[PDB]
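Here it is: the structure, laid out below.
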Amino acid sequence: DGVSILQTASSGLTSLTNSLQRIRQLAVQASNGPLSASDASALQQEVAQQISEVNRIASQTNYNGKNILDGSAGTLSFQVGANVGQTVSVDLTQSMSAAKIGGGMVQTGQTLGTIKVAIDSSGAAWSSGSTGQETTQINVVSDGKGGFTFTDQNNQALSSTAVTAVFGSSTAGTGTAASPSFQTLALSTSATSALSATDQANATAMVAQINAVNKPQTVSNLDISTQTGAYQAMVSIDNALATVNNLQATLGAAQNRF
């Protein structure tokens, strides 16, 4: 009973790992350099096939005809001993369907993008009047709570004055796994006003990238046919794999108690 149900669930999770790991490699392939329309279409077709397999695993993994990986099994309990209350409980309340895994917040420490800028150490636009060192790039790094930390072209943290002066005062994430939430990256006009029109446009596009990568789709809605979509897929799959690994670990802990 309990041991066999746990094995059936764990088998399904291993199938799911295979398909998620496959989407990761496809996303890597799609993000390495420029792609023709035909190559982008072909790569996304492969992702769609894997999404279909994820949905099959979620809708069809079953024990004696009863689904166990679509959330519908709930919490199961098994008697292991003679003590009243000597039971092992197994939480199968979370669906593994593509619509219900991935998404969420980017894990901490990931570089979301790099913006070319022209500012002084206080975050003011660089000019012939400026002194000290010029900041020429800003790397935007996730904090695991839907917000950001920032380094310069030499990987040194921006001063707190420069962070505030360029990005405003809502950069720190406040989300939790239980209640996710997302900051909106906003770049000052002063960060790029000294640069060419083309550099200003490039920065705007990078900020849009970063904001999209910060809010990845669930596995169901991944599309790797654009660079931003491929980057969103990498984050989303990292998160989906973490969800699957957490669940595998809990199944294992339950098996151990039998």
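Only the coordinates and a few stated rules stand behind these numbers; no lab work does. No Cβ is skipped: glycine too gets one built from the backbone with ideal geometry, and neighbour counts run over all protein chains shown.
If you line up the Cα atoms of segment 105-214 on their principal axes, what length do they span on each, largest first, in Å?
49, 26, 22
With Rg and the Kirkwood Rh both taken from Cα atoms, where does Rg over Rh land for the chain?
Result: Rg/Rh = 1.11.
Something else: Beta carbons within 10 angstrom, averaged per residue: use that to sort the peptides 196-207, 143-154, 163-174, 225-236, highest first.
Ranking the peptides 196-207, 143-154, 163-174, 225-236 by packing returns 225-236, 143-154, 163-174, 196-207.
With runs of 4+ DSSP H residues as the only contributors, calculate the mean residue ellipticity of the chain at 222 nm using -39,500 (n - 2.57) per run, divided by the residue total and rounded to the nearest 500.
That calculation yields -15000 deg cm²/dmol at 222 nm.
Then there is this: Rounded to a whole number, what is D in µm²/s for segment 211-258 from Stokes-Einstein with the Kirkwood radius over alpha-carbon pairs (20 °C, 1.002 mPa s)? Provide the component values of the computation, followed by the final result.
On the way: Rh = 12.0 Å.
My calculation gives 179 µm²/s for D.
Among the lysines in the chain, how many pairs, 8 or more places apart or on different chains, have alpha carbons under 25 Å apart?
Numbers: 66/100; 100/145; 100/215; 116/145; 116/215; 145/215.
For the chain, the number of qualifying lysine pairs is 6.
Cα centroids of segment 119-133 and segment 230-248: how far apart, whole angstrom?
The two parts, judged by their Cα centres, are 41 Å apart.
Okay, next question. Please work out the ratio of the alpha-carbon Rg of segment 179-246 to 2.2 N^0.38 Å and round it to two decimals.
1.38
With the contact rule set at Cα under 8 Å and sequence spacing of 6 or more, what percent relative contact order holds for the chain?
Value for the chain: 24 percent.
Quick one: Debye curve from the C-alpha atoms of segment 11-76, no solvent, what's log10 I(q)/I(0) at q = 0.19, 0.24 Å⁻¹?
At q = 0.19, 0.24 Å⁻¹ the computed log10 ratios are -0.74, -0.96.
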